[PDB]
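# Structural overview
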Amino acid sequence: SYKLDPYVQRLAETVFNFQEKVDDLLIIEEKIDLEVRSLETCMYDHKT
Amino acid sequence: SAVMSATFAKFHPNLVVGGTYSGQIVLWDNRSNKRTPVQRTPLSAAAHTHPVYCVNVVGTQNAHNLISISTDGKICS
């Protein structure tokens, strides 16, 4: 009974923010992969 | 989790909120496009300690507070 409700609620708020961060983490990894390989069908890009 | 009568908020129709099953009014911004609940409030004595019943807005835009009267006999705004 030291921190059941306190640490549980802290992990709950960070858990919901982490669920949003899970979907956003998939989107973040997708943004990094897109920025690493987005010129797969470009028409002779040099400065780009 | 299965919420209990969620509703909207003020100044935009994106950051909605609603009393979830854990005991608080879980909020989420529709402009951020999040599938599950984006940020859930603390479900402690501040929110509904017991189950949830209903959530809504409070007053006009001058004092629109997210007020939820749950299944714990409390209107937490």
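As documented in the archive entry, the model was determined using cryo-EM at 6.7 Å resolution.

## Section: the overall build of chain A
If you tally the helices and strands in chain A, you get one helix and zero strands. Overall size of chain A, expressed as C-alpha extent along the three principal axes, is 65 × 15 × 10 Å.

## Topic: the interface of chain A and chain B
Of the residues lining the interface, five residues belong to chain A; the matching set on chain B comes to four residues. Classifying every residue of the side of chain A that touches chain B gives one nonpolar, two polar and two charged.

## What about the sheet that holds strand β4 (residues 67-69) of chain B?
Within a sheet, adjacent strands bond to each other through the backbone by hydrogen bonds, running parallel or antiparallel. Residues and elements named next belong to chain B. Overall, antiparallel pairing links the three strands, which are arranged β3-β4-β5 in an open sheet. Among the strands making up the open sheet, the edge pair consists of β3 (54-56) and β5 (75-76). Judged from the three bridges that link them, β3 and β4 form a sheet pairing that is antiparallel. Looking at the pairing, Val55 lines up with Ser68 of β4.

## Focus: the pairing of strand β1 (residues 15-19) of chain B
Consecutive residues of a regular strand have side chains that alternate between opposite faces of the sheet. Relative to strand β2 (residues 25-29) of chain B, β1(B) runs antiparallel, the two sharing five bridges. Across the sheet, the residue bridging to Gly19(B) is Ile25(B), located in β2(B).

## Focus on unusual backbone geometry
Unlike most non-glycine residues, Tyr44(A) shows phi in positive territory, near 60°. You can see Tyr44(A) is positioned in the segment after α1 (4-36). Positive phi, normally seen in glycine, also occurs at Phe11(B), with a value near 70°. With respect to the element layout, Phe11(B) can be found in the segment before β1.

## Structural notes on the environment of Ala2(B)
All names here are of chain B. Checked against the element boundaries, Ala2 lands in the segment before β1. When the C-alpha atoms of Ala2 and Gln24 are compared, they prove to be 12 Å apart, with 22 residues separating the residues in sequence. Those residues in contact with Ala2 that sit more than four places away from it in its chain are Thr20 and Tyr21.

Rules used in this analysis
Residues numbered from 1 in each chain as written, not as in the entry; some residues may be left out. Chains lettered and ligands numbered in written order. Part of a larger assembly, values for the part shown. Heavy atoms only, no water. Residues with missing side-chain atoms left out of burial classes, pairs and counts. Helix = DSSP H or I, 4+ residues; strand = E, 2+ residues; numbered from the N terminus. Contact = heavy atoms within 4.5 Å. Nonpolar A, V, L, I, M, F, W, Y, C, P; charged D, E, K, R; others polar. Pairing = 2+ DSSP bridges.

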